[PDB]
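Following: one structure in structure tokens, then a few remarks.
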Amino acid sequence: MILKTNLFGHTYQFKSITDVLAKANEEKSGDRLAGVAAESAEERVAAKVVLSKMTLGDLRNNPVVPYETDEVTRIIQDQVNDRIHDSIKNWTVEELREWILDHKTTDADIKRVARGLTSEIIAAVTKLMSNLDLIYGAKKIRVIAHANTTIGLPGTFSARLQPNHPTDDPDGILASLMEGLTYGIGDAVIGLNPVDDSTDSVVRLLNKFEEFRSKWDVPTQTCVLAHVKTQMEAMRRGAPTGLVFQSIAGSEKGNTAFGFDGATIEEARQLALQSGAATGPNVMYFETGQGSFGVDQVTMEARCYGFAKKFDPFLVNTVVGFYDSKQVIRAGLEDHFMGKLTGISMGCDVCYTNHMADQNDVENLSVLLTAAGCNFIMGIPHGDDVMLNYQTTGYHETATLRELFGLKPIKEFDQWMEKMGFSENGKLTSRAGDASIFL
Amino acid sequence: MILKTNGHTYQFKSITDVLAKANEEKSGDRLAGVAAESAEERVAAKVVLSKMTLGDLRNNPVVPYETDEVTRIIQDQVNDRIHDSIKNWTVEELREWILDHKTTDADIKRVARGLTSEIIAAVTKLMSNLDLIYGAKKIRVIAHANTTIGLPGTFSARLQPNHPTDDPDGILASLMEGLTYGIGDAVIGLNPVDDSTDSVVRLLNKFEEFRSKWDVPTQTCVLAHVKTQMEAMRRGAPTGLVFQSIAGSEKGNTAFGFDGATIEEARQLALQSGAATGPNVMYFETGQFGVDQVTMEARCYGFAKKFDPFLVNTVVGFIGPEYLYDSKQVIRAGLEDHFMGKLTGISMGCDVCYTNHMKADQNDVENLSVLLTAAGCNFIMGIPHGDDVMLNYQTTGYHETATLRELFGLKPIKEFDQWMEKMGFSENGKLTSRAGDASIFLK
Amino acid sequence: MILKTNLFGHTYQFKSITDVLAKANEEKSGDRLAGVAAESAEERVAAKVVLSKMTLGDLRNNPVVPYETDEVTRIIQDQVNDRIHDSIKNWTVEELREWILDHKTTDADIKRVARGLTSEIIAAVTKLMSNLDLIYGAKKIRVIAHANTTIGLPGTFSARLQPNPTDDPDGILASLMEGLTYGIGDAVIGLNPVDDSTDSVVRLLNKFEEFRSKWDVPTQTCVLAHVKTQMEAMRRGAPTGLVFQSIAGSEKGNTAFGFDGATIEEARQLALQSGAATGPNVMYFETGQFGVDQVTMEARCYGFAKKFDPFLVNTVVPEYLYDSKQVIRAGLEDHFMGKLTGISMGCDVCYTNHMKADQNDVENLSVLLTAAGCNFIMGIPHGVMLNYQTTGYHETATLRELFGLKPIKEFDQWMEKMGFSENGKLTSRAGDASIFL
């Protein structure tokens, strides 16, 4: 294959596909720090030109971590329909891009072609797309999934309810939960990322979370975001969970560092279907984000999505961190699109402190992702002040974002809200922020 | 009025100072020395500005009524009765109220009668980007030249080819291409290289022949000096609109070569012998001593409101010192400008400048354009800049505008949309295979 | 410009444009009494023929009252866009008529042509239109205005609440409340006071606004005194939504009414600076019937009114009636010319139940006007205690229901918040002013 372009008055040769994929990315902090980024704006345009002419055959057959060496590569590659791929193998990345964006190409068509794609291809096409392409292209693509209720339907926008609190103090958590419900937060999931993630603490929390949900008959899913194996361990001890969560990576090496493999995730899925509190079939909740190999962040993100797709998740959130702020927006839009095209329920967690990284930047991305058909987004505030983080909730801003686009919580949760008097025809009432009805 | 606040006593030198230090970090303000010394100070300025009554800002324009015509024009638009009823409202209260569910667009428009540009700038300074999006969406503003711009479910765009030499065939090509993507429903014009009265005249008649040839429901304009256009008009050359770059101070306007009385003359002249049905025939361009960029921006709208324009485009740019600049500021200013203008009651758009060497330099423009379109902005245009004058002419933005419309399900102005369908360029809002194909014009 | 024609059997020559305008009108009482009418039905057809072939430029250039002499002609003529007018100057009156009434011709088109028209052209085209043309032709045209709320939107029908004895407070008050329960007063809540002294107007405005604010009624208030009286009342701090003045089609008429162009504009700006309406449309004008005919004079009031972008423009319309049809004809003409001029056109109908008009005639004209797209109509009984109680509230309500119209949006929302109506239909609380007292 070529890997060389003369544009303009200078021949640029690239070492490999991995090199071309990496240098074809827009400016990214992590790639720069790893030495894989483009040495100039001109070299980056060259990478993009080279990539645009690369065929889907070449990319599919040369995954950036070999098949014999990496389980994630095998999981990704084993999902391909070889017959479908064979008919698109001679298409170029740029032809794939144009085809995906064309008027006459439908969500159904795209899902058919997805069967002939791999994470490296998804990754590749994303790099040749503009921010408006990533938005318009992702909107075209519908992805839905069902645990207790169905996420992803047009006209809806969902939100995870996960109170912080440094101590995980029962009162502070409960208070944040109830307030959150009044704003319509918690239809995607109701949960906690616990400080004490011992098997017994997870057992205690899961039990408490289902007691609360069952009390108020909230149509949603519960999930304690500890290690996959700890949640499984709690579930074998009789604790109910709606979803099973795990942070994931784009390599076998990466997942091993996190403490699991495909078999482990598959065992958790079968255990949740057998004994979980959710109807199913979508019971996994995965977290990605870069990173923790010579391969770029975008391509490795794609590969996480390809791993995730194998286990039919209810949710798959990336984590982007708010050097120009435009990078974070770009990342969020890329993630969201690669994931929608991969066919997974994709969301996005946006971290912030305040460093030209503020709440305004988070809002910029949020609005952009919502125009893209992203069904769940959540700001994650950081800072030395652990109490402004707990109190900075994003509940009111999410209600606002919904109203702006005219979206509602998942159908059954929106019905629950009207029965509680917290909302009416999508818009919140005077009871918003008023958790009195619970007490 | 109190200009102090707290575990540290912060104090400000004036209203002009608080307005300035209350802003979000901006390089133009920072380089002009007016910005805040820290985030703690910024938060402090916002707190002081938030407890300030509307009467205090109404009575304390950042440029004196005695001195400056812009200040008078702003202040003379106020209804003293309505202002009186709200004079004791605090700035934070005005923000809350604007954003509240029970508060409607007609309510806002009423309260705007008792407001001034300094107050409009004051409230904007206390709003997050989401507030500026959601709050501007609430506000509808329409204007009618030959057609009505501003209606919900629509999005309009200027057709303004930037050929380096103003080659008649380079323009004719770009114009016809644009029309096939549905561009030019807001206005068909040129910012010409030769802005001489005889040039402007030649241009105005050429554009008019072309528009009239294809019976294109829109307006024409040549973005020159208001005085150049008037001469051209007095010689018998037709114009849909009359353009003028404006400023937020008499000095600024005087520097630009005109005053309030020049714009009224231009306006009444357009109503007398212009090619637009009217009443809205003015087309202003805004964009940025001791007064911050936002407050000055507000004051241009306050100026422009008096002349009921068809369009008022701010100009923001993804160009800058590189080390002191961040894209967020360009986004924030666009969102701010749009809100303030909509709150002022003017048909408000936004021109976005960018260093155009890569296709990825447009990502920044697209970010803002999507945020603004979600806020109800009915017209946005990209302006390519850089040493490559011919790429700038090729970087047309037509396809990207058509895609922006389909993303939100918007169409061009009603009559133009009807023209598009009669020409075969679109159907129920979406373009056809004919998009880009100038053949129907040549055949 | 020919002014002769052979009305097949005789040759009729006319003195001037003024003469031909006048003779083309159908039989009108004032025009007859003034000696400007046609001597025979045959010379009226001849008048029309001549008018029909007359070009628009000729009409624009020759106003019935000279530009050098008359303010109203200048106010009218200075509003013309010469450029637009130049394109149509060779159109005839008949041709202009045809064009208004064409399927393919839109409200937007008509608004562009209006800019090249004048009151004498508006008058002329109307003189050649049938009653259906005036109804249909006007239906096509939408005119909206905004003071506190917006009058003129389609699907709405607005009404004035202006209590008619000795300026009795107990009886004015009771009339307001009873009026609001039927949904009267979305256009404006006013009063034509017997005592039109500045002091009296100031007392009235303060009480009207006190009441309106108390009940939070979304509408405009206005005391129908002299413009200069209202202006002084405003300078003393009295709040008014609209500013009222009867106006005429000549500088002599306005001068006789006691005001001029600068007075009206001084009033307009005053309302904008300290009125209680949001605006921009704050003026409320009354019109209605030299050697110039009634109709052409009417058209000229509208052109005058237009320069001041009024919220409302009511025209007023029994012993000298050759037939009641003339009242119906007058109203349809007035509405068309007002809509063609681009003004919020309303209509006040007078009746004394005479053999030729008569409450049933005020219904004929009302239903006809409502089909015409008229958004404001009011009945005015003449000849004291049976005229205050002769209300028109129930008739107004039944008219809306007949056409499926509602009051102005905000006022309609207030009607439902008050339990007086539901979806434009009144409830059992209609007439029952208990919610107030």
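Okay, here's what the table says:
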quantity	calculated
Filtered residue count, region B:208-253, keeping only those that are within 14 Å of B:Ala266 (Cα to Cα) and among the acidic types (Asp, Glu)	1
Within region B:366-398, tally of residues that are part of a helix (DSSP H, G or I), of a type outside the set (A, V, I, L, M) and more than 10 Å from chain A (Cβ to nearest Cβ)	4
Residue match in region C:186-202 (condition: among the hydrophobic types (A, V, I, L, M, F, W, C), farther than 27 Å from B:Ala112 by Cβ, in contact with a helix residue (DSSP H, G or I) (Cβ under 7 Å, 6 or more places away or on another chain) and part of a helix (DSSP H, G or I))	yes
Within region B:205-226, tally of residues that are farther than 17 Å from B:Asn280 by Cβ, assigned to a helix (DSSP H, G or I) and within 21 Å of the chain's Cα centre (by Cα)	0
Among residues of region A:157-179, those that are under 25 Å from A:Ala302 (Cα atoms) and away from chain B (no Cβ under 14 Å), counted	3
Residues located in region A:368-379, provided they are among the β-branched types (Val, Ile, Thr) and buried (at least 24 other Cβ atoms within 10 Å of the Cβ)	A:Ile377
Filtered residues of region C:102-112 (kept if surrounded by fewer than 14 Cβ atoms within 10 Å (Cβ to Cβ) and either polar (S, T, N, Q) or more than 14 Å from chain B (Cβ to nearest Cβ) (or both))	C:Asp102, C:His103, C:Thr106
Meets criteria (touching a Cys at 6+ places or on another chain (Cβ under 8 Å), farther than 30 Å from C:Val20 by Cα and surrounded by 20 or more Cβ atoms within 10 Å (Cβ to Cβ)) for C:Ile151	no
Given (1) in contact with a helix residue (DSSP H, G or I) (Cβ under 8 Å, 6 or more places away or on another chain); (2) within 13 Å of another protein chain (Cβ to nearest Cβ); (3) not acidic (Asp, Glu), index of the condition A:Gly433 fails	(2)
Scan of region B:18-34 for residues that are away from every other protein chain (no Cβ under 14 Å) and assigned to a helix (DSSP H, G or I), ordered by number	B:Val18, B:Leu19, B:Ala20, B:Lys21, B:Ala22, B:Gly28, B:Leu31
Test result for B:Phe441, out of contact with any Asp or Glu (no Cβ under 6 Å at 6 or more places or on another chain), aromatic (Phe, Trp, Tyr) and facing chain A (nearest Cβ under 10 Å)	no
Candidates B:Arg405, B:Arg434 - the one that is in a loop (DSSP other than H, G, I, E, B), closer than 19 Å to B:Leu159 by Cα and not hydrophobic (A, V, I, L, M, F, W, C)	B:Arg434
Looking only at region C:35-89, and only at residues there that are of a type in the set (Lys, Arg) and over 18 Å from C:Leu340 (Cα atoms), the one that is nearest to the other protein chains (Cβ to nearest Cβ)	C:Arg83
C:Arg268, sole failed condition from (1) within 14 Å of another protein chain (Cβ to nearest Cβ); (2) touching a helix residue (DSSP H, G or I) at 6+ places or on another chain (Cβ under 9 Å)	(2)
Residues satisfying the stated conditions in region B:241-290, i.e. in contact with a strand residue (DSSP E or B) (Cβ under 8 Å, 6 or more places away or on another chain) and closer than 28 Å to B:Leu31 by Cβ	B:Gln244, B:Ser245, B:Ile246, B:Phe256, B:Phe258, B:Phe284, B:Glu285, B:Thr286, B:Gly287
Filtered residues of region C:392-410 (kept if touching a strand residue (DSSP E or B) at 6+ places or on another chain (Cβ under 9 Å) and among the polar types (S, T, N, Q))	C:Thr396
Considering residues of region B:197-227 that are hydroxyl-bearing (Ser, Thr, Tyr) and in contact with a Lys or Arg (Cβ under 9 Å, 6 or more places away or on another chain) only, the residue surrounded by the fewest Cβ atoms within 10 Å (Cβ to Cβ)	B:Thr197
Residues that are away from chain A (no Cβ under 14 Å) and hydrophobic (A, V, I, L, M, F, W, C), drawn from region B:399-420	B:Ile413, B:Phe416, B:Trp419, B:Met420
Within region B:346-365, considering residues that are within 10 Å of another protein chain (Cβ to nearest Cβ) and touching a helix residue (DSSP H, G or I) at 6+ places or on another chain (Cβ under 9 Å), the one farthest from A:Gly373 (Cα to Cα)	B:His357
Neighbours by Cβ (under 6 Å, 6+ apart or cross-chain): first from region A:303-325, of a type in the set (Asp, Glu); second crowded, with 24+ Cβ neighbours inside 10 Å and part of a loop (DSSP other than H, G, I, E, B)	A:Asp312/A:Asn282
Any hit, region C:283-295, residues being within 14 Å of chain B (Cβ to nearest Cβ), under 30 Å from B:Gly114 (Cα atoms) and not acidic (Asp, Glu)	no
Check on B:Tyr354, hydroxyl-bearing (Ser, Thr, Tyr) and outside any helix (DSSP H, G or I)	yes
Where a residue in region B:130-151 is within 14 Å of chain A (Cβ to nearest Cβ) and its partner, wherever it lies, is surrounded by 22 or more Cβ atoms within 10 Å (Cβ to Cβ) and assigned to a strand (DSSP E or B), with Cβ under 9 Å and at least six apart	B:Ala136/B:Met348
Selection status of A:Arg142, more than 22 Å from A:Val367 (Cα to Cα), charged (D, E, K, R) and in contact with a helix residue (DSSP H, G or I) (Cβ under 9 Å, 6 or more places away or on another chain)	no
Selection within region B:315-325 - surrounded by 18 or more Cβ atoms within 10 Å (Cβ to Cβ) and at the interface with chain A (Cβ under 10 Å from one of its Cβ atoms)	B:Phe318, B:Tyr325
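One line per residue, one yes/no per condition, for (1) surrounded by fewer than 16 Cβ atoms within 10 Å (Cβ to Cβ); (2) under 23 Å from C:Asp107 (Cα atoms):
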position: B:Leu404; (1), (2): no, no
position: B:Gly409; (1), (2): yes, no
position: B:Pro412; (1), (2): no, yes
position: B:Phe416; (1), (2): no, yes
position: B:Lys422; (1), (2): yes, yes
position: B:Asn428; (1), (2): yes, yes
position: B:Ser439; (1), (2): yes, no
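Any read-out appearing in this document is the output of simple, stated calculations on the displayed coordinates, not a laboratory observation. For neighbour counting, all protein chains shown are included, and Cβ atoms are generated from backbone atoms with ideal geometry for every residue, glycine included.
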